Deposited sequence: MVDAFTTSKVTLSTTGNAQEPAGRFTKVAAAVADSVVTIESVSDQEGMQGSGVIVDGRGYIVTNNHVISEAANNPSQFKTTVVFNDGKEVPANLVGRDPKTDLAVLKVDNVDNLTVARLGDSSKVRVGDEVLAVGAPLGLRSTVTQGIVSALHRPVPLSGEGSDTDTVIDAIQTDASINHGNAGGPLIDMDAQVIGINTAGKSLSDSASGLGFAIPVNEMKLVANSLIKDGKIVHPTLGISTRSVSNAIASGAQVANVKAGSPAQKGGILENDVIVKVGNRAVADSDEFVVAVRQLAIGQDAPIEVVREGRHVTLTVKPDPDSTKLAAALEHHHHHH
């Protein structure tokens, strides 16, 4: 309608892009949300939405449910537990309404957002709020024996819940600016999603940089830095001159407030090139140089 509200118009516009994701076994049953990102049938969700199914593919049958009601099977193209993203493939489906993606770098504090979940899902919700913060590191608990991670989130005061998760964060132009993830809500920004989706589409898996160090945050609520707890034998850090008890304050061009920012900062680096790591050892400001390894447990 034309007497229709601002958020009602936007929610209706994106509805056909948003998808239900169900994984059924003879015992358990999971349900989340997803967004259609490619006309060939590529869908983005959270890793945690599909986590249990991917861990036990044998016994789990994952299906996609469209806004029109149609139910097709879906295959895992790939997943990244480190960024809580996953891509799913759907075969030979006609006239998918592909979501228009936005630019998460042009997002500002105060912008009005809709956290949109699957229209036909069971717990399913559409929530509204503003962007509370940009580039906010959030630790996420990887359930079902997945590794715990930190993501660089868009913080929103829109409520993100079971009925929302894996669905898009949508701005006022009906553009996807994030994937809903997790007392306020958090989203993975769409620019990161694009990079991760493309690495997953291309070769099934994604490789992240590592430095070889573990950290502890130095101050309680102030940005004092990330203290080095251990430097592992032969690590990029050790070869670079990171000592234990150093306080890391900048990795690349990104500043480092604490442990959480440290994790998201390292992920921003490229595996090949040399990168500066600013540090405060026993008093003085020294800028070490590190070349990050891949994080593979494989050649």
{"property": "Deposited sequence positions missing from the model - stretches, numbered from 1, in order", "result": "1-18, 201-209, 327-337"}
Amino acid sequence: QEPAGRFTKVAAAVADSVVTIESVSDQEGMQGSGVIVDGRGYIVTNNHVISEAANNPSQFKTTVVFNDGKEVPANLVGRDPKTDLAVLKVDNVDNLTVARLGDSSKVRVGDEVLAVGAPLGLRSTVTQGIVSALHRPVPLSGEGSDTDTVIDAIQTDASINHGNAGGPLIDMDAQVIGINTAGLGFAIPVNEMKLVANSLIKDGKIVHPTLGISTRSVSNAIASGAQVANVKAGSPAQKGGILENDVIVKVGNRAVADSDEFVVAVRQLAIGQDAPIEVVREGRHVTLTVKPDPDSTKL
From here on, numbers count along this sequence of modelled residues.
| property | result |
| --- | --- |
| Segment of higher mean CA temperature factor, 123-131 or 147-155 | 147-155 |
| 190-198 versus 136-144 - which carries the larger mean C-alpha B factor in the record | 136-144 |
| Identity of residue with top Cα B-factor, from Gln31, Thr63, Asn46, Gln59 | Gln59 |
| Deposited CA B-factor, highest of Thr210, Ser105, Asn95, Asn180 | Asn95 |
| Among modelled residues of the same chain, the CA temperature factor third for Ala15 | middle |
| Position of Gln175 among the chain's modelled residues by C-alpha B-factor, lowest, middle or highest third | lowest |
| Lowest, middle or highest third - CA B-factor, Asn161 | lowest |
| Among modelled residues of the same chain, the CA temperature factor third for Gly225 | highest |
| B-factor third for the C-alpha atom of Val87 within its chain | lowest |
